[PDB]
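Descriptive analysis of the structure
Each chain, written out:
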Amino acid sequence: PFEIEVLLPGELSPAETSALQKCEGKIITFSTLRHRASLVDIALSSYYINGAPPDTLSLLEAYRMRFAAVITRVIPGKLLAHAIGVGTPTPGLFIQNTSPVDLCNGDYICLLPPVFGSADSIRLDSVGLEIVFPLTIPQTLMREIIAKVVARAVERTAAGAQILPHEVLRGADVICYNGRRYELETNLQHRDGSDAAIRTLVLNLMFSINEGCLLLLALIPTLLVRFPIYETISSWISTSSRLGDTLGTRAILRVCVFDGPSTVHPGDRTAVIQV
Amino acid sequence: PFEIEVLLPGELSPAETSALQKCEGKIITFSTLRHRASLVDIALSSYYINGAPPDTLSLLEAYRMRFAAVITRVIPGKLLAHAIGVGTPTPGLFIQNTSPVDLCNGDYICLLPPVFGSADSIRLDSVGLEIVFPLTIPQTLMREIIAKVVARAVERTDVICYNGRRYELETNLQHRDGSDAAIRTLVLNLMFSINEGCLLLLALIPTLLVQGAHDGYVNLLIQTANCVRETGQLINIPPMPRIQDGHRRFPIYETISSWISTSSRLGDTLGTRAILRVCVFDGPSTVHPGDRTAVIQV
Amino acid sequence: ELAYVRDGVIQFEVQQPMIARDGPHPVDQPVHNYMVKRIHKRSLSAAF
Amino acid sequence: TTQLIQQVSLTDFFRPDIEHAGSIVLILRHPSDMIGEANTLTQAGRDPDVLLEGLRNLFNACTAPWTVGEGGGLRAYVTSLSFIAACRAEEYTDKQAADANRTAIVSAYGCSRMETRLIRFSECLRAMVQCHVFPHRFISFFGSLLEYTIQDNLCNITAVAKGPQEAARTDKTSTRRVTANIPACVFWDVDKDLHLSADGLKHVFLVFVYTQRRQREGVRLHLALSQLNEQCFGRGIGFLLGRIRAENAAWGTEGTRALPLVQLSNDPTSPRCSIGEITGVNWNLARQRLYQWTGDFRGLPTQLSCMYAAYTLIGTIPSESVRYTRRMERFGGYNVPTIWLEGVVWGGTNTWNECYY
C-alpha cells in the first residue's frame, strides 16, 4: 500500500491544529507523488498560475494533471494520507461529504471546484497559507451543474447588454436530488463569483458555440430554405476539442456501504471502494 | 494480470532476433484477443483493407477497432506481451518513447500512425513481413495534428509548433473511401449543435466587441476567430422572438448543455482517445526520446 | 499539601453488555465509556 | 477478491424468494426528481404533468402509499431485470418467451394486485419517454444476487459489486457457487447479426431503445454480449437500428433565409461597420440595416429528440470461446427459458453513451 506522510509544521497554534483534526476524511491533490511532502504542495500557493490566484478554468485543468490523495488520520505532530492512484490497496477508505447534496449507495464520486457558495477551508495565519478542499458530487449531477451555472452568468450579461431586460421567468433555478431541492442563488445581488472565477470560463464557452452555429451556416447555405476558410476550420476543431477534455467527466470513487445507513447527508463520512 | 504470448517463427536469423530484443517496451495491436497468437496479425499485412497497405485515415479507424497490447521481456523463443484495454491489474508497466517530442509527468498518452518521417520498423526478410510501431504523443499535440489533417482532407476533396520548435507533417490520403467518412462524422456534429438558443448567443456579438476593447484579453480571443470577427460588423441579427411556454422552461439550457456532450464526443470520434497516463516514481521529471517511463493504466 | 492542589481530578471507565439477536436490522457492537470529575474546596474557621 | 453491497427495501418490485440466485438486480432513483426534471426539460407544447398522472397511480396501487415525499429510506429501492422484461414483454421479438415470463412473474407473485401494478409501470415508462425524461439516468445497476433475508414485505439483500462471479460463497444452497442467469427474452448478441467471428474476450452492455411518436412510445431492455470495442459499439448498433433512427428523426418534434457571409466577405464594396461606431454612442443608426437576414430557427430536431439508444459497459468474459447455455427450468410454479452465463467479471463505471444519429 502506497501512502504519503505530510510533515506537520512546528509552532502551530492550538486552534489551528484542532480544526485540522476535524477534516479527517477529505481529499488532497498532489503535483508529484512522493513519500515525503511539505505543506506548500497542498496549500493554495503552489496552485495559482501567472502570479494571480487560480481560476475555475484552471481549477478544472489542474485536477486532471495533479494526483489526488485522501487524508487518513491526523497526529499532533504528523499527518498521513493515502493515494488513490496506480494500484495501492487502501484498506477501509472513508471520505467525508463536502457537497450540500446527499449521496446514496451505488453513486460514483467525482470532483468539482467550489461554484455554488464560498468554499470552506482551513486557514493557517501563523504560517500564512490555507488549504482548500475540493467538492464531492455524484456523476449524474455534475453535467447539469456546469450547464446551469454557465447559463446563469450569460443571463446576467444579456440583462446588462440589452437596453431592456427580457425578465419574465419561471421563478428560480433549483437542483433536486433524492427529493431535496437546493435552490441556489436566491437573490440577484451578491455577485460574489458571477465574474470572479467563472468569468473566463463563460468567455471560451460563449465563443466556441458561436463559431459553431456560425460555421455550418456559412458552409452550407441550403439549411434554411481574401478569406482562409480552412484555417478557421482547423482552429475550430482544435478549440472545441481542447474545451471538451477539460470539461470532462471521469468517475474517481464509488461509495459501497455495508451495515451502514444507505443515504448520507453533508458532513457524514462513509466507506468508499476504489474504482 | 493478462498476457498474450506471441510465438516467434522458427529458423529466425540472429541479426533479426537481436533487433527484436531492442523493441522491449513498444505497443502492438491485436484484432481478436487470445492467449496464443501468430505473427501475421501484428504485421502490417494484417492492416490491409482491400489488398494493399492501409492509409493514415484508415489507420486511425484501425486503431480504435483493434485491441492494445504492450511488449514485455522477450526470450529467444517466445514474445510475451500484456493487455491494456480490458480491465486488468498490471504492476510496474513501462513504455518506450517513440515520438520525437518529449513527455513529462501528468501527461495523457494517445496513439496515431506515423505522420512524421519514414517510420523505423523491424523488417523480416526471411519471414517476409514487416512490423511498424505506433507513435505515442501527448494529448495536447494529438488534438492539433488531427485538426490539421482533417483540414487538409477538405482541401483535397502543415507546420506545428511545440516547445518553440517547428515540425512538418506528410499526410497521406492515397485512398478515398475513408476520406469522405471523416467529413460525414464532422458535419453530423455541427448539425447537432444548433438549437433555438443560438439566436440569443448570436445577438451578443456587438457587446462582445465592446468588451473586446478596454479588456486586453478578449482581443486575443477575437483575433483567433474569423467568423465572429466578420459577422459582428456585417449582419443585423433581427432583435428577438418569444418563447412558446416561457413560464416553466429555460431556452438557453440545452444549447449550453447539448454542446457539452458533442464537444467531448468530437475529440474521440475524429481521432483516438486517451489510453495511458505517465507517472514515474524516483525518475526524471522529463523524458527524452528513446528512454523508458513507468506509466499508469487510465 | 492542599493549598497547592489547584483542581485535581479523577476519572471513571465503564463498559456495557449486549445481547445477540437475529433479524434483518443493523448489528450492535459493545460499548465503553470514559468520564472525568474534579474537586471542590472549602475552608472552616474558628476564633479565640 | 470481490466486494458486496447490502440494502434494505420494499418487496413490491423485487422478491428475493422466487428470483434465482445470480440474477441481475437494478435500483431506482427517487421518483420526486422525475417531476423536477420533467417540468424543465419537457418539449414545448406538450403537457408536462401527464407523467405526474402516470406516476401517482403507480404508488396508489402499491403498499404504504402514504410514504412518498420524505424519502426516509424505506422506499422500493431495488428491482429485478425480469420485472421490466415482463412489463415490456409485448415488445420483444420472442413472442412465446416474453409471454411465458410474464405469466410466470404474475403467478409466482401475489397475483392479486400484480396485473394492475404491471400496467401502471407500463404507462409509467411510456410517460417517462414523453417529456424527454429518458429512463437511462434513473436505472442503475447492482451485481448478481448472492444472499437475502426477509421476514415480511421487507428484505435485506446482498449482491456482488465487481469481480469474478464464482469467487463468492452463497453458503446456504447445495453448492457454494452461482452463475449469471437471464431471461431468454432480453438476450441479444450482435456479432451473430454482424457476421463476425465469435472468439476471445467479449463485453456486456445494456441498451435502451426508444420510440418517439404521437401517443405511441416504446422502450425495451436488451442485454447485449459482443466482442466489439468500447466506443465502436455505438457505430455497430446504428447499422441494425437504422429504421428507428430515421423514424424518430421525422416523428420526434411535433410541437428563414440564408446569408452569403463568405461571399460578401470575399468581395469588397460591402457596407462596412468599423469599430468606431460600435464603441457605443449611437449604435442603432450605424447598424440600421447592414443586412436583414429575417432569420430564426425554432422548430428543428435537437440531438436529444432523435436519440434512440443508450448503452453502458457492465462486464467482460476473459475465457475465449464462451459457451452460454439456454434451457427451461421451473421458476416458482412455471417453466421459463433462461440463459446461463459462467465466469463473468463485473466492473466498469456507470456511464451511459447515447446513440443519437
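What counts and how
Residues numbered from 1 in each chain as written, not as in the entry; some residues may be left out. Chains lettered and ligands numbered in written order. Part of a larger assembly, values for the part shown. Heavy atoms only, no water. Residues with missing side-chain atoms left out of burial classes, pairs and counts. Contact = heavy atoms within 4.5 Å. Salt bridge = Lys/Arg side-chain N within 4 Å of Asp/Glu carboxyl O. Polar contact = N/O pair within 3.5 Å; in protein donor to acceptor, adjacent residues only side chain to side chain. Buried < 20%, exposed > 50% of the residue type's maximum accessible area, 1.4 Å probe, protein only. Helix = DSSP H or I, 4+ residues; strand = E, 2+ residues; numbered from the N terminus. Disulfide = S-S within 2.5 Å. Patch = residues over 30% accessible without salt bridge, like charges linked within 9 Å, V, L, I, M, F, W, Y side chains within 5 Å. Areas by Shrake-Rupley, 256 points an atom, 1.4 Å probe, with all protein chains shown as cover. Expected span 1.5 Å × (residues − 1). Buried area = accessible area lost by both parts, 1.4 Å probe. Nonpolar A, V, L, I, M, F, W, Y, C, P; charged D, E, K, R; others polar. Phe/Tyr/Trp six-rings, centres within 6.5 Å; stacked < 30°, edge-to-face > 60°. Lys NZ or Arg CZ within 6 Å of the ring centre and 35° of its normal. Core = buried A, V, L, I, M, F, W, Y, C linked by side-chain atoms within 4.5 Å.

In the PDB archive, cryo-EM is given as the structure determination method for this entry, at a resolution of 3.7 Å.

Per the PDB entry, chain D goes by Triplex capsid protein 1 and derives from Human herpesvirus 3. Per the PDB header, the entry is named "Varicella-zoster virus capsid".

Per the PDB entry, chain A goes by Triplex capsid protein 2 and derives from Human herpesvirus 3.

1. Some words on the interface of chain A and chain B
Each partner contributes to the interface: chain A provides 53 residues, whereas chain B provides 60 residues. Viewed at the interface, chain B and chain A are joined by one salt bridge. Note that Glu144 of chain B and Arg242 of chain A form a salt bridge whose closest N and O atoms lie 2.7 Å from each other. There are seven residue pairs in polar contact connecting chain A and chain B.

2. A few points about helix α2 (residues 56-65) of chain B
Burial of α2 of chain B is extensive: seven of the 10 residues sit out of reach of the surface. Buried residues of α2 of chain B: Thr56, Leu57, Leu59, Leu60, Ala62, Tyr63 and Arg64 of chain B, and no others.

3. A look at the state of the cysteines
The term disulfide refers to a covalent linkage connecting the sulfur atoms of a pair of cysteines. Enumeration according to the criterion identifies one disulfide over all chains in this entry. What pairs with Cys213 of chain A in a disulfide is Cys198 of chain B, and their sulfur atoms sit 2.1 Å apart. Since a negative S-S torsion denotes a left-handed disulfide, the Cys213 of chain A-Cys198 of chain B link at about -105° is left-handed. Taken together, the positions of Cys213 of chain A in helix α5 (residues 199-219) and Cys198 of chain B in helix α5 (residues 198-202) put the pair across two chains. Each member of the pair, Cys213 of chain A as well as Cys198 of chain B, is classed as buried.

4. Regarding the pattern of salt bridges
Counting across every chain of the model gives 28 salt bridges over all chains. For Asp173 of chain A, the salt bridge identified is with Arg152 of chain A, shortest N-O distance 3.1 Å. Of this pair, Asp173 of chain A sits in the loop between α4 (139-161) and β11 (176-177) while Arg152 of chain A sits in helix α4; the two residues are 21 residues apart in sequence, bridging distant segments of the chain. Under the relative-accessibility criterion, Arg152 of chain A is labelled partly exposed at 22%. In this structure, the salt-bridge partner of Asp158 of chain B is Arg152 of chain B, at a minimum N-O distance of 3.0 Å.

5. Remarks on a nonpolar patch on the surface
Where nonpolar side chains cluster on the molecular surface, the patch consists of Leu219, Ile220 and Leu223 of chain A together with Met191 of chain B and spans about 320 Å² of accessible area. Relative to the assigned elements, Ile220 of chain A resides in the loop between α5 and α6 (231-246). Here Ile220 of chain A falls in the partly exposed class, since its relative accessible area comes to 34%.

6. Considerations on the arrangement of the chains
Here the protein chains form four pairs of chains in contact, of which the pair with the most contacts is chains A and B. One finds no contact linking chain A with chain C; the least C-alpha distance across the pair is 6 Å. One finds no contact linking chain B with chain C; the least C-alpha distance across the pair is 34 Å.

7. Considering α5 of chain A
For α5 of chain A, spanning 21 residues, the distance from its first C-alpha to its last is 31 Å, which sits close to the expected 30 Å at 1.5 Å a residue. Burial within α5 of chain A is extensive, with 18 of its 21 residues counted as buried.

8. Section: the interface of chain D and chain A
Taken residue by residue, the interface counts 29 residues in chain D and 24 residues in chain A. Buried surface at the junction of chain D and chain A, summed over both partners, amounts to about 2500 Å²; 59% is from carbon and sulfur atoms. The largest per-residue losses of area from chain D upon contact with chain A belong to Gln6, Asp33 and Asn266 of chain D, which jointly make up 19% of the total buried on that side. Here chain D and chain A share zero salt bridges between them. On the surface where chain D and chain A come into contact, there are five residue pairs in polar contact. Sorting the residues of the side of chain D that touches chain A by element identifies β1 (4-10), α1 (32-41) and α9 (261-266) of chain D as the ones contributing at least two each. Broken down by element, the residue count for the side of chain D that touches chain A peaks at four residues, all from β1 of chain D. Looking at the side of chain D that touches chain A residue by residue, the class counts come to 10 nonpolar, 13 polar and six charged.

9. Observations regarding the packing of aromatic side chains
Each aromatic ring pair is summarised here by two numbers: the centre-to-centre distance and the angle between the ring planes. On inspection of all chains with the given rule, the structure shows 18 aromatic pairs over all chains. Pairing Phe141 of chain D with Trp346 of chain D gives two aromatic rings, centres 5.8 Å apart and planes at 45°, and the pair type is tilted. Taken together through their ring pairs, the aromatic side chains of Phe134, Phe208, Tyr210 and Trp352 of chain D make up a single cluster. The side chain of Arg64 of chain A reaches across the aromatic face of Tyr108 of chain B, ending 4.8 Å from its centre. Over the aromatic face of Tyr47 of chain B sits the side chain of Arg66 of chain B, whose NZ or CZ is 3.8 Å from the ring centroid.

10. A few points about the nonpolar core
Within the largest apolar cluster, 68 residues are counted, with the highest numbers of intra-cluster contacts made by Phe121, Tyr210, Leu341 and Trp346 of chain D. Sequence-distant contacts of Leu341 of chain D, that is, excluding residues within four places in its chain, are made with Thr179, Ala180, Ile182, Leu225, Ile317 and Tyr324 of chain D. Counting residues in hydrophobic clusters, the runner-up holds 47 residues, among them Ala153 and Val202 of chain A together with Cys273 and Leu290 of chain D.

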